[PDB]
$ cat data-v1.txt   # compact mmCIF, C-alpha atoms
# COMPACT_ATOMS: atom_id res chain seq x y z
CA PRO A 1 -34.15 -14.72 28.49
CA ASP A 2 -32.68 -17.29 31.00
CA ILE A 3 -29.32 -17.32 29.02
CA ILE A 4 -28.97 -13.46 29.38
CA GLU A 5 -29.44 -13.86 33.22
CA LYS A 6 -26.87 -16.78 33.40
CA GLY A 7 -24.42 -14.52 31.45
CA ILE A 8 -23.55 -17.28 28.90
CA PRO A 9 -22.00 -15.02 26.21
CA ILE A 10 -24.78 -15.35 23.45
CA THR A 11 -24.40 -13.08 20.33
CA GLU A 12 -27.03 -10.24 20.70
CA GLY A 13 -30.18 -10.78 18.54
CA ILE A 14 -29.58 -14.45 17.40
CA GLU A 15 -32.66 -16.62 16.59
CA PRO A 16 -32.61 -20.36 15.60
CA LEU A 17 -33.00 -19.53 11.81
CA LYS A 18 -29.65 -17.59 11.53
CA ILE A 19 -27.65 -19.53 14.20
CA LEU A 20 -28.29 -23.13 12.89
CA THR A 21 -28.23 -22.49 9.07
CA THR A 22 -26.72 -19.83 6.69
CA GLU A 23 -28.53 -17.42 4.24
CA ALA A 24 -27.11 -19.24 1.11
CA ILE A 25 -28.74 -22.59 2.17
CA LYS A 26 -32.17 -20.90 2.88
CA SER A 27 -32.07 -19.62 -0.79
CA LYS A 28 -31.30 -23.23 -1.96
CA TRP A 29 -34.45 -24.49 -0.10
CA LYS A 30 -36.60 -21.71 -1.76
CA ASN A 31 -35.74 -23.60 -5.06
CA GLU A 32 -36.86 -27.07 -3.63
CA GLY A 33 -40.44 -26.11 -2.49
CA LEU A 34 -39.76 -24.94 1.09
CA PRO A 35 -42.06 -21.92 1.71
CA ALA A 36 -40.49 -18.79 3.36
CA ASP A 37 -42.71 -19.08 6.54
CA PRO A 38 -40.59 -19.43 9.75
CA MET A 39 -42.09 -22.89 10.64
CA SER A 40 -40.86 -24.62 7.38
CA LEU A 41 -37.31 -23.04 7.48
CA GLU A 42 -37.17 -23.95 11.25
CA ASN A 43 -38.36 -27.55 10.43
CA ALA A 44 -35.82 -27.73 7.51
CA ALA A 45 -32.87 -26.45 9.65
CA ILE A 46 -33.86 -29.22 12.17
CA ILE A 47 -33.89 -32.21 9.65
CA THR A 48 -30.37 -31.10 8.43
CA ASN B 1 2.63 -12.46 12.60
CA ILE B 2 3.96 -12.47 8.94
CA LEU B 3 2.54 -8.94 8.10
CA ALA B 4 4.07 -7.45 11.33
CA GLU B 5 7.62 -8.74 10.40
CA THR B 6 7.51 -7.67 6.66
CA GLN B 7 5.90 -4.28 7.64
CA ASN B 8 8.80 -3.62 10.14
CA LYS B 9 11.42 -4.43 7.38
CA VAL B 10 9.54 -2.11 4.89
CA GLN B 11 9.09 0.81 7.41
CA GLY B 12 12.90 0.72 8.07
CA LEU B 13 13.66 0.55 4.27
CA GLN B 14 11.07 3.43 3.95
CA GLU B 15 12.70 5.57 6.73
CA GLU B 16 16.35 5.07 5.50
CA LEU B 17 15.13 5.81 1.88
CA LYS B 18 13.35 9.04 3.08
CA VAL B 19 16.41 10.19 5.20
CA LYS B 20 18.77 9.71 2.15
CA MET B 21 16.24 11.54 -0.16
CA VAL B 22 16.06 14.51 2.35
CA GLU B 23 19.93 14.63 2.75
CA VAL B 24 20.37 14.56 -1.12
CA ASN B 25 17.74 17.41 -1.57
CA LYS B 26 19.54 19.64 1.05
CA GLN B 27 22.99 18.88 -0.57
CA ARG B 28 21.40 19.61 -4.04
CA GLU B 29 19.87 22.93 -2.73
CA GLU B 30 23.31 23.97 -1.26
CA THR B 31 25.25 23.13 -4.53
CA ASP B 32 22.59 25.17 -6.51
CA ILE B 33 23.19 28.32 -4.33
CA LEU B 34 27.05 27.94 -4.56
CA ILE B 35 26.82 27.36 -8.40
CA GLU B 36 24.59 30.53 -8.72
CA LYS B 37 27.09 32.61 -6.58
CA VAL B 38 30.04 31.32 -8.76
CA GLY B 39 27.87 32.11 -11.89
CA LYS B 40 27.45 35.78 -10.76
CA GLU B 41 31.23 36.06 -9.90
CA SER B 42 32.07 34.55 -13.39
CA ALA B 43 29.72 37.10 -15.14
CA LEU B 44 31.44 40.04 -13.27
CA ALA B 45 34.95 38.67 -14.20
CA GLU B 46 33.69 38.24 -17.86
CA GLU B 47 32.59 41.97 -17.92
CA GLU B 48 36.00 43.09 -16.43
CA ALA C 1 44.50 36.04 -22.19
CA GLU C 2 44.78 35.13 -18.42
CA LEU C 3 41.25 36.61 -17.75
CA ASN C 4 39.82 34.75 -20.86
CA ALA C 5 41.38 31.46 -19.53
CA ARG C 6 39.92 32.12 -15.99
CA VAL C 7 36.44 32.89 -17.56
CA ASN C 8 36.61 29.61 -19.65
CA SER C 9 37.71 27.55 -16.54
CA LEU C 10 34.83 29.10 -14.44
CA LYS C 11 32.28 28.44 -17.30
CA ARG C 12 33.48 24.75 -17.39
CA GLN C 13 33.19 24.47 -13.52
CA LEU C 14 29.58 25.87 -13.74
CA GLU C 15 28.56 23.42 -16.57
CA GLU C 16 30.09 20.62 -14.37
CA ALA C 17 28.27 21.98 -11.22
CA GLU C 18 24.98 22.13 -13.28
CA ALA C 19 25.44 18.53 -14.65
CA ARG C 20 26.25 17.17 -11.09
CA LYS C 21 23.07 18.98 -9.79
CA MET C 22 20.87 17.34 -12.53
CA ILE C 23 22.24 13.86 -11.46
CA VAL C 24 21.66 14.70 -7.71
CA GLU C 25 18.10 15.94 -8.69
CA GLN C 26 17.19 12.76 -10.70
CA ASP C 27 18.71 10.56 -7.89
CA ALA C 28 16.56 12.57 -5.36
CA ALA C 29 13.38 12.15 -7.56
CA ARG C 30 14.00 8.32 -7.62
CA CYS C 31 14.67 8.27 -3.79
CA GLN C 32 11.38 10.27 -3.25
CA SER C 33 9.50 7.83 -5.63
CA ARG C 34 10.86 4.92 -3.45
CA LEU C 35 9.92 6.88 -0.23
CA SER C 36 6.31 7.34 -1.58
CA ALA C 37 6.16 3.62 -2.70
CA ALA C 38 7.27 2.71 0.90
CA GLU C 39 4.60 5.10 2.39
CA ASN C 40 2.05 3.31 0.06
CA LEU C 41 3.27 -0.08 1.47
CA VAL C 42 3.16 1.25 5.13
CA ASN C 43 -0.50 2.36 4.44
CA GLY C 44 -0.88 -1.03 2.61
CA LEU C 45 0.38 -3.37 5.41
CA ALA C 46 -0.78 -1.09 8.34
CA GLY C 47 -4.39 -1.06 6.97
CA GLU C 48 -4.21 -4.92 6.69
CA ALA D 1 -32.24 -7.37 -5.81
CA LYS D 2 -32.02 -9.27 -2.43
CA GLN D 3 -31.27 -12.60 -4.26
CA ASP D 4 -28.70 -10.84 -6.59
CA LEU D 5 -27.09 -9.19 -3.47
CA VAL D 6 -26.89 -12.60 -1.59
CA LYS D 7 -25.00 -14.23 -4.57
CA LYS D 8 -22.70 -11.11 -4.75
CA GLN D 9 -22.13 -11.18 -0.90
CA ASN D 10 -21.19 -14.93 -1.25
CA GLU D 11 -19.13 -14.25 -4.48
CA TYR D 12 -17.09 -11.35 -2.91
CA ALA D 13 -16.40 -13.40 0.32
CA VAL D 14 -14.72 -16.16 -1.84
CA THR D 15 -12.64 -13.58 -3.89
CA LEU D 16 -11.46 -11.87 -0.61
CA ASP D 17 -10.67 -15.34 0.95
CA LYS D 18 -8.63 -16.11 -2.26
CA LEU D 19 -6.85 -12.67 -2.11
CA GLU D 20 -6.11 -13.23 1.67
CA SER D 21 -4.20 -16.53 0.92
CA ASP D 22 -2.39 -14.82 -2.08
CA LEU D 23 -0.94 -12.20 0.42
CA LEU D 24 0.38 -14.94 2.86
CA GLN D 25 2.20 -16.99 0.12
CA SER D 26 3.33 -13.82 -1.83
CA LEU D 27 4.91 -11.93 1.18
CA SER D 28 6.66 -15.11 2.56
CA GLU D 29 8.00 -16.27 -0.90
CA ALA D 30 9.25 -12.78 -2.06
CA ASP D 31 12.56 -11.37 -0.61
CA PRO D 32 12.69 -8.05 1.38
CA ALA D 33 14.66 -6.41 -1.55
CA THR D 34 11.98 -7.58 -4.11
CA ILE D 35 8.91 -6.80 -1.83
CA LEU D 36 9.58 -2.96 -1.92
CA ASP D 37 9.25 -2.58 -5.78
CA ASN D 38 7.29 -5.86 -6.53
CA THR D 39 4.26 -5.22 -8.87
CA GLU D 40 1.99 -8.15 -7.71
CA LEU D 41 2.04 -7.06 -3.98
CA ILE D 42 1.14 -3.36 -4.85
CA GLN D 43 -1.84 -4.69 -6.97
CA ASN D 44 -3.19 -7.03 -4.19
CA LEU D 45 -3.13 -4.21 -1.52
CA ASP D 46 -5.13 -1.94 -3.97
CA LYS D 47 -7.70 -4.77 -4.71
CA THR D 48 -8.09 -5.84 -0.99

$ encode --input "data-v1.txt" --output "structure tokens"
Amino acid sequence: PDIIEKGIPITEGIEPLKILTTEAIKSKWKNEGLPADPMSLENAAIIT
Amino acid sequence: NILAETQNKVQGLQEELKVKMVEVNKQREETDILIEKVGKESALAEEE
Amino acid sequence: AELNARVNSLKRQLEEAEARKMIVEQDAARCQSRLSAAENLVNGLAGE
Amino acid sequence: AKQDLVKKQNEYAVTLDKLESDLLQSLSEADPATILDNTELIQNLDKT
């Protein structure tokens, strides 16, 4: 919300999942015992 | 910047090619009509 | 004999005029095929 | 279907990226007299 007010030119609808890591690399992690819950993908995007 | 240059060369080689093709068609169409007129005249002279 | 010679000369001129037409027609058909191939390349490079 | 689509979305992106580079080298290398009736350039524009 505070970024929309400041008018910093954010891409409309971005969330940390999509903006940090791609869709190909999420599908790689599905194969290495990362469950599809937001919290584990989020955590996994962070360690990277 | 490469496309724009090649496209401009092509378009010109397109336009000059089309202009020649149109001129040749018109010249063809004229020489047909004259050949047909001479063909009628020749048939009349053949009958005489 | 004069009329027969005139008829033969006219018939030759027509066969020549017909042959020249067929060459102008085939040259026109090639020049139209180039014009279309150029229009394909305009649509090609313009689209890109 | 989603996982087959994601591999195809990734696959097609690489083939288009390859075709993109094969337009830049092909146009620049070929001469303006060859470009008009060149077979490889007509094929790439159809595929792209």

$ interface_residues --input "data-v1.txt" --of "chain C" --to "chain B" --cutoff "9 Å" --atoms "all atoms listed in the file" --output "PyMOL selection string"
chain C and resi 3-4+6-7+10-11+13-14+17-18+20-22+24-25+27-32+34-39+41-42+45-46+48

$ interface_residues --input "data-v1.txt" --of "chain D" --to "chain C" --cutoff "10 Å" --atoms "only C-alpha atoms" --output "count of residues only"
10

$ atom_distance --input "data-v1.txt" --atom1 "CA of residue 6 in chain A" --atom2 "CA of residue 19 in chain A"
19.4 Å

$ residues_around --input "data-v1.txt" --residues "residue 10 in chain D" --least-positions-apart "5" --cutoff "12 Å" --atoms "all atoms listed in the file" --output "PyMOL selection string"
(chain A and resi 22-25+27) or (chain D and resi 3-5+15-17)

$ closest_atom_pairs --input "data-v1.txt" --of "chain D" --to "chain B" --cutoff "12 Å" --atoms "all atoms listed in the file" --output "CSV"
residue,atom,partner,partner_atom,distance
D:20,CA,B:3,CA,11.6
D:23,CA,B:3,CA,9.0
D:24,CA,B:2,CA,7.5
D:25,CA,B:2,CA,10.1
D:26,CA,B:2,CA,10.9
D:27,CA,B:6,CA,7.4
D:28,CA,B:2,CA,7.4
D:29,CA,B:2,CA,11.3
D:30,CA,B:6,CA,10.3
D:31,CA,B:6,CA,9.6
D:32,CA,B:9,CA,7.1
D:33,CA,B:13,CA,9.1
D:34,CA,B:10,CA,10.8
D:35,CA,B:10,CA,8.2
D:36,CA,B:10,CA,6.9
D:37,CA,B:10,CA,10.7
D:41,CA,B:6,CA,12.0

$ closest_residue --input "data-v1.txt" --among "A:39, A:10, A:32, A:26" --to "chain D" --atoms "all atoms listed in the file"
A:26

$ atom_distance --input "data-v1.txt" --atom1 "CA of residue 31 in chain A" --atom2 "CA of residue 44 in chain A"
13.2 Å

$ atom_distance --input "data-v1.txt" --atom1 "CA of residue 21 in chain D" --atom2 "CA of residue 28 in chain A"
28.1 Å
